[PDB]
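All remarks here apply to the structure that follows.
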Ligand SMILES: C#CCN(C)Cc1nc([C@]2(O)CN[C@@H](c3nc(-c4ccc(Br)cc4)no3)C2)cs1
C-alpha cells in the first residue's frame with residue numbers, strides 16, 4: 001500500500017504545516033502537525049478541557065463505531081518549546097492520504113498548554129520519530145508509520161515541504177518526479193529515538209564549504225534550523241546589523257537586509273537553503289527587526305534540522321531494518 005497527503009503551512013511564515021488525517025468511522029478529519037521529532041499521535045477531543053479549546057476541530061470517540069478505549073493507558077508529553085499535553089488513549093482507524101491503519105493509538109487530550117490552545121489551526125500532532133519515544137503508559141504504542149510499515153510497498157515516508165506553499169507527505173514510495181538529481185542517503189542513529197544523522201559541513205552564501213561533522217535530527221515539527229553557535233555566528237556575521245538579542249530570544253536582523261543562502265552537507269552532496277527561507281519576518285507587527293531562521297542550538301543540547309532546512313530538500317525517511325535518511329535537491 002501507499003498514501004499521499006498534501007501538507008499546508010498554517011500561516012504566512014511557515015511556522016508549521018498541517019496535514020488532514022481521517023480518524024474513526026465515519027471519518028472525522030483533523031488537521032495534524034506531522035512531527036518527525038516525536039512519536040505520539042494526539043488530538044484535541046471531546047475530552048479536552050473546554051477552556052483550553054479555541055477553534056480546533058475535535059475528535060469525538062463516542063461518535064466513532066471503530067473507537068475503543070485503550071483501558072488504563074495515559075500519555076503526557078512536552079515539546080522543545082515548553083508546550084505540553086496529556087490525556088487518555090483510544091484505538092481507532094486512522095487514514096492518511098488513502099493509507100489506513102486499523103487499531104492505531106489515538107491519544108485524546110484532556111489538557112493542552114496555552115500555545116496549543118492559541119493555535120486554532122493545529123488539531124493535534126502525528127509523531128513520526130521512532131516508537132521508542134512514545135509516551136503512552138503502561139503499554140507504549142507504535143507510531144502511524146511503524147504500524148503501517150509492514151503493509152507499505154517500501155518501508156519509507158517522504159517529506160516534501162513547501163516554502164510559503166503546500167507540499168506533500170508520501171508513505172510507501174519515492175516520487176521520482178519530486179526532486180532533481182539524485183538522493184544522497186546517510187546513516188541514522190536511533191539511539192535517542194530520533195532521525196539523527198551527521199551533516200558533513202556547511203557554507204554561507206557563496207563561501208567555501210567548511211568540512212565539519214554536525215550531528216543533528218531531521219525534525220519536521222521544528223520551524224527553524226538550530227546549529228552550533230560557531231556555525232550560526234559565522235552565518236549572521238555576513239548580515240549587516242544582525243545580532244543575537246537576549247530579549248527577543250535569538251538572532252534578529254534588519255528587515256531591510258537580503259540574506260545569504262546557507263548550504264549544508266549530506267555526505268558528499270549539498271543542500272542549499274535560499275536566503276529568503278531564513279527570513280521569518282518582523283519580530284512583532286510593524287517592526288523593522290526581523291527574526292532569523294537559523295538559530296543557535298546551544299541552549300537546547302541537540303542540533304535540529306527543522307523546516308527551514310527540510311523544506312529546501314526532498315527528504316526520505318527510510319525505516320528499513322537499518323534506517324537511513326535521504327536528501328535530494330528540488
Ligand atoms: C529544549 C530542548 C531539548 N529537546 C527537547 C529539543 C527537541 N524538541 C523536539 C520537539 O519537541 C519535537 N519536534 C518539535 C515540535 N514542536 C512541535 C510543536 C510545539 C508546539 C506547538 Br504550539 C506545535 C508544535 N511539534 O514538534 C520539537 C525534539 S528534540
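Residue numbers (the entry's author numbering): 1 to 330.
We put the beta carbon where it would ideally sit given N, CA and C, even for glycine.
Within the same chain, 155 and 319 come within 8 Å of residue 149 by CB-CB distance, once the 5 residues on both sides are set aside. Look at residue 279 here: in three-state DSSP terms it is strand. Taking each of 83, 152 and 29 in turn and checking the Cα distance to residue 64, the smallest one comes out for 29. Taking 8 Å as the cut-off, the Cβ atoms of residue 118 and residue 136 do not count as close. Per DSSP, residue 194 lies in no alpha helix (DSSP H) segment and is marked neither H nor E.
The C-beta separation of residue 129 from residue 37 comes to about 6 Å, placing the pair in contact by the 8 Å criterion.
Annotation for residue 120: 54, 55 and 56 place their beta carbon closer than 7 Å to its own, counting only its chain and skipping 5 residues before and after. Between the alpha carbons of residue 112 and residue 259 lies a gap of roughly 36 Å. One residue list follows from the rule of a beta carbon closer than 7 Å to any heavy atom of ligand 1, given in chain order as 16, 33, 35, 37, 38, 79, 80, 81, 83, 115, 116, 119, 122, 125, 194, 217, 219, 221, 222, 300, 301, 302 and 304. By the beta-carbon neighbour count (other beta carbons within 10 angstroms, threshold 16), residue 271 is buried. For residue 203, same chain residues with a beta-carbon under 7 Å away, outside a window of 5 residues either side, are 209, 210 and 263 in chain order.
In the three-state reduction of the DSSP assignment, residue 230 falls in the helix class, which pools H, G and I. Note on residue 200: 16 or more other CB atoms within 10 angstroms of its CB, so buried under the neighbour-count rule. Take the alpha-carbon of residue 161 and the one of residue 167: they are about 5 Å apart. In its chain, beyond the 5 residues on either side, 204 have a beta carbon closer than 7 Å to the beta carbon of residue 234. Counted as a single uninterrupted DSSP element, the stretch harbouring residue 308 is not any beta strand (DSSP E) but the alpha helix (DSSP H) occupying residues 307-310.
Rounded to whole angstroms, the Cβ separation of residue 226 and residue 115 is 18 Å, and the two are not in contact under 8 Å.
Secondary-structure assignment with DSSP links residue 59 through a beta bridge to 45.
Here DSSP, grouped into helix, strand and coil, assigns residue 253 to strand.
A Cβ-Cβ distance of about 11 Å is found for the pair residue 100 and residue 66, leaving them out of contact under the 8 Å criterion. Judged by DSSP secondary structure, residue 33 falls within the beta strand (DSSP E) whose first and last residues are 28-35. Here residue 7 is buried. Its C-beta has 16 or more other C-beta atoms within 10 Å. Taken atom to atom, the span from the alpha-carbon of residue 212 to that of residue 71 is near 49 Å. DSSP places residue 92 within a strand segment (E or B) once states are collapsed to three.
Measuring C-alpha to C-alpha distances from residue 255 to each of 261, 265 and 241 identifies 241 as the nearest. Check the Cα spacing between residue 267 and each of 141, 78 and 215: the tightest is with 215. Cβ contact annotation for residue 311 (same chain, cutoff 6 Å, sequence separation greater than five): 161 and 163, in chain order.
For the pair residue 14 and residue 305, the Cα-to-Cα distance works out to about 15 Å. The C-alpha of residue 40 is placed about 9 Å away from the C-alpha of residue 75.
In this chain, the beta strand (DSSP E) harbouring residue 160 covers 156-160. Shown here, residue 133 sits in a helix according to DSSP, grouped into three states.
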